[PDB]
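# Report on the structure
Now for the letters of each chain:
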Amino acid sequence: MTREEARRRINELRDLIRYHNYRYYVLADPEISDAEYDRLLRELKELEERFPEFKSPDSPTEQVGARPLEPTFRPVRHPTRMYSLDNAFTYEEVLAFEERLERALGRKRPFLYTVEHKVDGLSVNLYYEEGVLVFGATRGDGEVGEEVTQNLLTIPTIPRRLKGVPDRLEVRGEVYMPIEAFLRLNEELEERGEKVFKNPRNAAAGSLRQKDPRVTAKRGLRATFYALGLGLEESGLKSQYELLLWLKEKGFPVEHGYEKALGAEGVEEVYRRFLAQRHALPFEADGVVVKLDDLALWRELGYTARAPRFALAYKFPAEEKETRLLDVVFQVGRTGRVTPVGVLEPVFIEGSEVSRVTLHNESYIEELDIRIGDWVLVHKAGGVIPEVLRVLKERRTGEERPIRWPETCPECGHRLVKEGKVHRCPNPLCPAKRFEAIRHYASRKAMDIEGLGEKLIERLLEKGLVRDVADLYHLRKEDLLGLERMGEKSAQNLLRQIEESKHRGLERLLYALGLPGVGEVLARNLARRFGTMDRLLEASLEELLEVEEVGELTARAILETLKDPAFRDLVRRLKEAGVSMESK
Ligand SMILES: [Zn+2]
């Protein structure tokens with residue numbers, strides 16, 4: 001086969017193989033065979049050896065198997081260089097800018113531009129040959145970036161096969177995480193006790209820089225594209241505006257908004273119409289980008305040491321302000337995690353007066369070394385949630401006090417317990433955990449109670465009919481369930497579930513009362529070994545370790561809950577209502 005051809009199949013093979021390793025270990029909806037699949041992974045290795053030149057530590061081969069095809073974070077120089085824009089913060093600049101362009105002119109100044117939102121994300125490069133996606137790397141330093149093609153496949157919008165494009169195409173855009181996701185990812189991290197991201201750029205970086213591409217897919221990652229590299233001239237594009245439309249038609253996703261505008265003045269118009277939607281977008285945007293619209297006049301205009309001249313970045317005012325951290329108070333979540341809250345000196349960020357800010361968890365406070373008396377620079381993560389961006393250390397009077405959790409839980413009085421990287425309340429009955437408790441217990445994985453809708457649980461909790469798990473069985477009085485959208489067509493029905501659930505066995509019962517670590521499997525492995533709550537309640541450290549997957553750390557934990565009077569109490573009241581305490 002002609003050296004040229006070999007390249008193509010090599011380009012294609014590696015793709016189909018990345019696509020299907022994805023279509024498999026990721027999506028779980030493979031099309032081809034798990035065997036006919038290796039019938040390609042082999043041929044890839046056949047051409048790679050009879051044309052050694054094409055070997056690339058990117059190829060599926062370099063690390064094959066029946067494992068998730070990972071992305072080699074190997075450094076890669078991009079076909080063309082990727083630049084950064086210069087920053088303007090006032091209309092004077094951007095006037096001056098368009099003025100700088102006047103150096104040439106042609107009976108004007110009002111210059112047609114294309115203005116678009118500034119996607120707070122990470123620049124990515126996507127090289128394509130004959131249309132096929134060869135690789136996709138991060139911006140890195142503008143010249144060499146990390147290879148991360150696999151992860152770029154977890155984003156369904158990034159196209160793999162173009163059509164009618166230049167033999168060599170280098171399309172550039174960005175990959176980002178929407179505030180909802182950003183915020184979601186940040187919530188799951190606080191609970192685990194990890195340090196949370198301070199913004200959508202970083203949070204997008206990591207979510208893409210994961211060995212296991214299966215992870216990048218659960219993160220929200222979205223990508224948009226706005227520029228070409230090797231290919232401008234090839235494409236026949238003339239206007240920036242057309243570019244974005246061309247880019248769209250080809251299968252590339254272009255989601256950040258854009259529009260035309262004439263002369264600084266006009267640009268300055270879109271700017272504000274934008275600055276007003278600065279928090280109305282499904283993603284954080286810290287400014288906009290003024291791009292001269294005539295691509296033809298891009299060449300004459302050059303790039304400085306590290307920036308273009310035909311384009312510019314007009315950024316929104318930076319919302320950052322210094323203030324002091326005065327006191328810090330604690331709260332307890334629905335899971336038990338005792339959260340930290342910093343009470344700052346009343347300050348201002350966009351008119352909204354900030355006075356109470358989340359610490360996060362103990363990690364954040366530790367990482368940023370956030371003491372008390374400390375002066376802190378507070379910002380808005382994602383431009384939506386204020387948080388101490390960093391402490392102004394040098395200004396430390398040296399008399400600041402270190403943040404320490406309290407001995408007890410402020411919402412029930414029970415002594416606290418450090419279950420991992422975050423402090424929490426072991427109390428089985430702490431009022432702060434009722435809703436979560438009642439629900440977990442009601443899940444099909446638990447004592448399966450389909451009637452208890454998330455709304456009824458908080459309705460039964462607010463109206464005082466319930467307080468904990470046992471109370472469910474004393475709701476017998478349907479007279480009780482007949483005042484919250486239920487009649488007796490609806491009552492009697494649920495009433496029998498709170499009954500039938502009495503019969504789920506000790507296994508499922510142990511899982512319902514959420515013990516420290518006792519997972520669905522750790523629970524069953526617990527019921528089998530004790531037959532009854534009574535027995536278990538008399539379990540010993542040793543007896544507990546001896547169990548499959550019960551480690552010393554969790555053993556000594558379960559051991560303390562079990563002895564807790566509250567737990568005892570809750571259990572008794574459940575037995576005394578007919579809930580079976582034996583293995584089913
Ligand atoms: Zn508590």
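Residues numbered from 1 in each chain as written, not as in the entry; some residues may be left out. Heavy atoms only, no water.

The record names X-ray crystallography as the way this model was obtained, at a resolution of 2.90 Å.

### Quick notes on unusual backbone geometry
A positive phi angle, near 155°, is found at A104, a position not held by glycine. Residue position: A104 is located in the loop between helix 3 (96–102) and strand 3 (112–119). Not every positive phi belongs to a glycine, and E350 is a case in point at roughly 65°. Looking at where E350 falls in the secondary structure, it is placed in the loop between strand 13 (338–349) and strand 14 (352–358). (Helix = DSSP H or I, 4+ residues; strand = E, 2+ residues; numbered from the N terminus.)

### Structural notes on the layout of surface pockets
The volume enclosed by the second largest pocket comes to roughly 1300 Å³. Elements supplying a minimum of two residues to the lining of the second largest pocket: helix 5 (179–192), strand 17 (417–418), helix 13 (434–442), helix 16 (506–512), helix 20 (552–563) and helix 21 (565–575). Grouping the constituent residues of the lining of the second largest pocket by class yields 21 nonpolar, 10 polar and 16 charged. Residues lining the lining of the second largest pocket come from more than one domain, with at least three contributed by each of domain 5 (433–501) and domain 6 (502–584). (1 Å grid on protein atoms, 1.4 Å probe; cavity = no way out; pocket = protein on both sides within 12 Å on 5 of 7 lines; lining within 4 Å. Points joined across faces, edges and corners; volume = space filled by probe spheres on them. Nonpolar A, V, L, I, M, F, W, Y, C, P; charged D, E, K, R; others polar. Domains from an automatic or database assignment.)

### Section: the coordination of the zinc ion
The protein atoms that coordinate the zinc ion are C409 (SG), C412 (SG), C425 (SG) and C430 (SG), at distances of 2.4 to 2.6 Å. Here the zinc ion binds four donor atoms, and the angle range of 92 to 123° at the metal identifies the geometry as tetrahedral. Here the donor residues of the zinc ion are spaced in sequence according to C-x2-C-x12-C-x4-C. Residue classification places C409 among the buried residues on the basis of a relative accessible area of 2%. (Donors = N, O, S within 2.8 Å, 3.2 Å for Na, K, Ca; no water. Tetrahedral: all angles 85-135°; square planar, octahedral: opposite > 155°, others 65-115°. Buried < 20%, exposed > 50% of the residue type's maximum accessible area, 1.4 Å probe, protein only.)

### Topic: the sheet that holds strand 2 (residues 87–88)
Pairing within the open sheet is mixed, and its five strands lie in the order 2-11-10-3-9. With partners counted over all chains shown, the strands left at the sheet margins are strand 2 and strand 9 (258–262), one partner each. Examined bridge by bridge, strand 10 (residues 285–292) and strand 11 (residues 311–315) share five bridges and lie antiparallel to one another. Within the sheet, the bridge partner assigned to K291 lies in strand 11 and is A311. Strands in contact with helix 10 (residues 263–275) are strand 3, strand 9, strand 10 and strand 11; relative to strand 9, the strand with the most contacts, it is inclined by about 145°. (Pairing = 2+ DSSP bridges. Contact = heavy atoms within 4.5 Å. Axes fitted to C-alpha atoms, helices over the stretch in contact; angles between N-to-C directions.)

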